[PDB]
Amino acid sequence: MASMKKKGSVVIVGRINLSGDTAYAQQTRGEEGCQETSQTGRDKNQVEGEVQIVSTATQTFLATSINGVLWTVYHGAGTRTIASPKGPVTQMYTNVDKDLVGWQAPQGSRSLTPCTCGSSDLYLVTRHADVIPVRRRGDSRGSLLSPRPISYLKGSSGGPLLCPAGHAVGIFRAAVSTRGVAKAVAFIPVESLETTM
Ligand SMILES: CCC1(OC(=O)N[C@H]2CCCCC/C=C\[C@@H]3C[C@@]3(C(=O)NS(=O)(=O)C3(C)CC3)NC(=O)[C@@H]3C[C@@H](Oc4nc5cc(OC)ccc5nc4C)CN3C2=O)CCCC1
Ligand SMILES: [Zn+2]
């Protein structure tokens with residue numbers, strides 16, 4: 001029992017800047033600081049924007065603020081806490097059946113508005129700041145207009161699918177691939193988030 005160690009916290013290591021006319025990734029913490037912060041759970045870095053890049057000791061992915069909740073995927077964050085200025089913050093939502101988890105949105109972040117447009121012309125934001133057009137094909141599926149290797153989507157779970165007006169339509173969860181080529185994406189619809197809330 002004295003042998004038992006504790007898993008670290010999820011740590012914000014950067015963000016996807018969507019403020020200006022060009023989307024681009026920004027890193028705010030290096031790996032050494034990330035490991036330190038994951039162990040203590042104390043993150044004093046200023047947080048900005050809607051789409052955060054987050055990391056565990058072993059994985060990196062995305063987290064998206066919608067309606068005051070920072071959402072990400074269970075297969076990335078598990079039940080882990082998230083680092084914050086005051087220490088680790090326990091998850092506010094956990095749903096393994098939806099592959100979804102959520103924490104209170106960090107101070108200084110900006111939240112996306114849940115989409116009510118009903119549009120099927122979507123846009124997926126990746127960890128490399130690519131804005132990929134996606135046609136909605138179902139409640140939780142969308143097809144890439146320009147397919148590409150799954151390598152380009154790896155690490156983007158937790159990122160947003162946006163409507164033409166910039167509302168949040170869903171959280172990126174999985175890729176549908178054929179011969180390593182991503183043709184479609186599975187995602188957590190914002191309505192499912194609003195229900196969980
Ligand atoms: C055939 C089943 C189908 O498709 C697929 O499963 N395809 C695969 C192709 C993988 C090849 C690479 C995929 C590329 C990008 C993918 C966007 C990202 C991503 O980027 N992750 S990541 O950031 O790199 C990472 C790992 C966090 C750090 N998601 C993934 O990799 C995702 C992880 C896992 O699926 C799930 N695991 C769980 C696990 C839970 O408890 C443990 C609970 C619920 C849960 N729910 C899931 C749907 C496999 N995953 C796929 O995407 C499911 C829905 C449509 C059909
Ligand atoms: Zn909308």
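Basis for what follows: all heavy atoms, side chains included, without hydrogens, waters or symmetry-related copies. For the single chain, residues carry numbers from 1 onward in sequence order. One-based numbering, in listed order, for ligands and for the atoms of each.
- Only protein N, O or S atoms were considered, and those under 2.8 Å from the Zn ion (ligand 2) are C115 SG, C117 SG, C163 SG, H167 ND1.
- Two different hydrophobic clusters hold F187 and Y152 under the rule that ILVMFWY side chains link at heavy-atom gaps under 4.5 Å.
- Side chain to side chain, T60 and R127 meet the donor-acceptor criterion of an N or O pair below 3.5 Å.
- In summary, the aromatic rings of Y93 and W103 are positioned with their centroids too far apart to meet the 6.0 Å limit.
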Please give the N or O to N or O pairs under 3.5 Å between ligand 1 and the protein, distances rounded to 0.1 Å.
from	atom 1	to	atom 2	distance (Å)
ligand 1	7 (N)	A175	O	3.0
ligand 1	20 (O)	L153	O	3.4
ligand 1	20 (O)	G155	N	3.0
ligand 1	20 (O)	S156	N	3.4
ligand 1	20 (O)	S157	N	3.3
ligand 1	21 (N)	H75	NE2	3.1
ligand 1	21 (N)	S157	OG	3.3
ligand 1	23 (O)	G155	N	3.3
ligand 1	23 (O)	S157	OG	2.8
ligand 1	24 (O)	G155	N	2.8
ligand 1	29 (N)	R173	O	2.8
ligand 1	46 (N)	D99	OD2	3.4
ligand 1	52 (O)	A175	N	3.0

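- Under 3.5 Å, the side chains of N17 and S19 contain a donor-acceptor pair of N or O atoms.
- A 4.5 Å side-chain heavy-atom check between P106 and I12 finds at least one atom pair inside the cut-off.
- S9 and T81 form a side-chain donor-acceptor contact under 3.5 Å, judged by distance and modelled atom types alone.
- With no hydrogens or angles considered, a side-chain donor-acceptor pair links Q91 and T94 at under 3.5 Å.
- Salt bridge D43/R29: present, at least one basic N to carboxylate O contact under 4.0 Å.
- Inter-residue side-chain proximity for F172 and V185 is flagged as met; some heavy-atom pair is nearer than 4.5 Å.
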